[PDB]
């Protein structure tokens, strides 16, 4: 099954107590941030927020996954720029939902690029986490997957 972490290779942890409006940090204090509401949600937009954090994390994870598959395919790829776009809105059941698009730009003939990025979307742990909940809109060199 694509969901079971069968053996933990790396573990981290973080604590927050003021939700979207205060501090959050990894317990080892390696990553420490102030959070605030964006202007769109009535805030100052003076700091980051969980949607941005998810965008940054997923872009990074997906980029890493593409570079991983490239390595395994012995395809020299210097960079794998990924732009992640994350939205939030109400789900109509009283909760909230995320929407995600991922746009990868890769220096390979398009069918080869599609093959790499398609495999990467299978192996990426953020993709595995959200599969079936978020229909992630993935494109490669401007073409929809």
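Residue numbers count along the first chain shown, from 1.
Can you tell me which stretch has the higher mean Cα B-factor, 106 to 114 or 76 to 84?
According to the PDB entry, the answer is 106 to 114.
Give the stretch, out of 25 to 33 and 58 to 66, with the larger mean C-alpha temperature factor in the deposited entry.
Taking the mean B-factor of the alpha carbons in each, 25 to 33 is higher.
Of the choices 89, 45, 92, 50, which one's C-alpha carries the largest B-factor in the record?
Largest recorded C-alpha B-factor: 45.
Reading the B-factor column of the entry, which of 97, 41, 101, 119 has the highest value at its C-alpha atom?
Among 97, 41, 101, 119, the highest C-alpha B-factor in the entry belongs to 41.
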